[PDB]
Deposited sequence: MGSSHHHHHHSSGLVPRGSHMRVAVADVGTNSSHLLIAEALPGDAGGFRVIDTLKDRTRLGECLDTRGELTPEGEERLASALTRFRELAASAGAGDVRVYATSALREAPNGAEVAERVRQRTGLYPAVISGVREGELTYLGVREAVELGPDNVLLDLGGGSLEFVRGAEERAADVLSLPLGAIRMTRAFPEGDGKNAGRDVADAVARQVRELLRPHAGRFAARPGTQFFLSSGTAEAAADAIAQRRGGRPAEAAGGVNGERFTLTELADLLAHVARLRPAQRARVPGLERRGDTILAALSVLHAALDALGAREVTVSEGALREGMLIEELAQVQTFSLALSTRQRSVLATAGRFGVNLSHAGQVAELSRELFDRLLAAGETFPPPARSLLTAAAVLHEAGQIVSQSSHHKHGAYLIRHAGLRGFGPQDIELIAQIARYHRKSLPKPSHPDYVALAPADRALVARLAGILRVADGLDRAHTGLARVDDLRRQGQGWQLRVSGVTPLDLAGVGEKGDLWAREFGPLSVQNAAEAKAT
């Protein structure tokens, strides 16, 4: 009943963790239990080639070790990890992520900037009052997402390389009096060059509400509130829902550009961003000005909140879409997200095989779903008859070197057609667990076609770990249905 969930995002400035407990009623809601930030500073750990250094890998692994520990102390156990610009753009990111999974057990799965904007927008929705027409800016250390949408989800997402660290490094500050103003001006021109062909999609219309998320914008809201004679936001309840104007942002930026980098970390509210804050504030001002914004609201919800919403959405709606089967897997303490995603992928692969001509018996789909949800219940290695559950049991636990050997007592041998059914469904299920090996819930089958005497599988939303898992978990598919080639 007390089922707790953990999600994390690995970005360019820092890494973030949210541990929460879901709300009853298959509603899609959660109660926050714990949050954690880690100054992983991956964007400062890139080499001249853009590769993440062994020191960045260590900081990564360290953060995911902290995350895995806190998540288990709270009772979550498994953590879904998404990664944004630093690891996404690093030529060695796939390697880094596989290495870091070996060390910690957590795989940092790179998502597209569009999907980063999409999920961030759901996090903002969980924190503030979106209206019929919203434009969100999310400035990280590496990129800046522009998102527009209405009251429930994103409509258009653009992702630009205008991040706080990236812009600080791309316009190094000089030694003169106007050095800060000159960095601000040049950063502001870079924003204009890259946004200009897309500005209209995010431009102010009558009634448009503008929102900012993430730590630069939160620091700026705090600095502006303190410049209006306010108290530090940490002494208060945070900055969620605070509003400031474009003029106030402009005023703070002018002050910052006049200061020297070390002086900026003594500006109240900016003490933890002195090195990137000048460039960061230029990005924010220039972009908002390009879009015609005059006021913004700041949100403390971001990627990790939308990660929990998207997860709870699919997981709870799948149980509505066997509903006890996901619940019974809960009694065995399994990762319901993984189990539900593996069941959906099994469903997807099964239907294409049927449509291509493969004959299956009527209960086969129901059997594969049930074994899909109980594949990782250590204890196990409802409208199902006693013979069906035995079939389900053997599908969940299929291996060539079975723990009981045929000659050994207690060995359970089915009838030949059931043996053959188990093998064919276990090959489907294994491909499915491969497609969610990264535990992202993001894989989807797009097309599965016969290719000669074998098959060709097209998958989307798949990480390099997921694709590797199918290759390592698809040998049974090849014996049962024919050689399998996966693409995209």
Legend entry - Missing segments of the deposited chain sequence, listed N- to C-terminal: 1 to 18, 340 to 343, 404 to 421, 529 to 535
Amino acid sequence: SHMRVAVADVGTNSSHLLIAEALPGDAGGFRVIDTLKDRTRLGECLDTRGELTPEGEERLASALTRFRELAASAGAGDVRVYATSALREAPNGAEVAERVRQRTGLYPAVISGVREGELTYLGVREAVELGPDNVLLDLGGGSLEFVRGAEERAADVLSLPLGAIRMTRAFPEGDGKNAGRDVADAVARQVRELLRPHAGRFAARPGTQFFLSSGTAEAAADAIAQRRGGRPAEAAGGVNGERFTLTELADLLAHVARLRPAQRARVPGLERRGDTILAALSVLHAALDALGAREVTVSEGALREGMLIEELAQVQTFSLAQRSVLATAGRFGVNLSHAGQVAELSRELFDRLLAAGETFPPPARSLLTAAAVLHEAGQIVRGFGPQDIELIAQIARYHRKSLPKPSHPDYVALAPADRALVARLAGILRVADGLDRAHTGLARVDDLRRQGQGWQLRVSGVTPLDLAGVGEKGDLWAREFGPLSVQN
From here on, numbers count along this sequence of modelled residues.
Inset, instruction - Taking the mean of the C-alpha B-factors per stretch from the entry, tell me the winner out of 294 to 302 and 310 to 318. - result: 310 to 318
Inset, instruction - Between 353 to 361 and 158 to 166, name whichever shows the higher mean Cα B factor according to the PDB entry. - result: 353 to 361
Inset, instruction - Please work out which residue in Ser112, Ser407, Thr247, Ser214 has the highest C-alpha B-factor recorded for this crystal structure. - result: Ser407
Inset, instruction - Could you say which of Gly50, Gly56, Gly452, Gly441 has its CA atom at the highest B factor, as listed in the PDB entry? - result: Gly452
Inset, instruction - Please rank the C-alpha B-factors of the chain's modelled residues and tell me whether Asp9 sits in the lowest, middle or highest third. - result: lowest
Legend entry - Third of chain Cα B-factors occupied by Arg258: middle
Legend entry - Entry-reported Cα temperature factor of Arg400, expressed as the chain third it lands in: highest
Inset, instruction - Taking the chain's C-alpha temperature factors as the reference, tell me which third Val32 falls into: lowest, middle or highest. - result: highest
Legend entry - Position of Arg228 among the chain's modelled residues by C-alpha B-factor, lowest, middle or highest third: middle
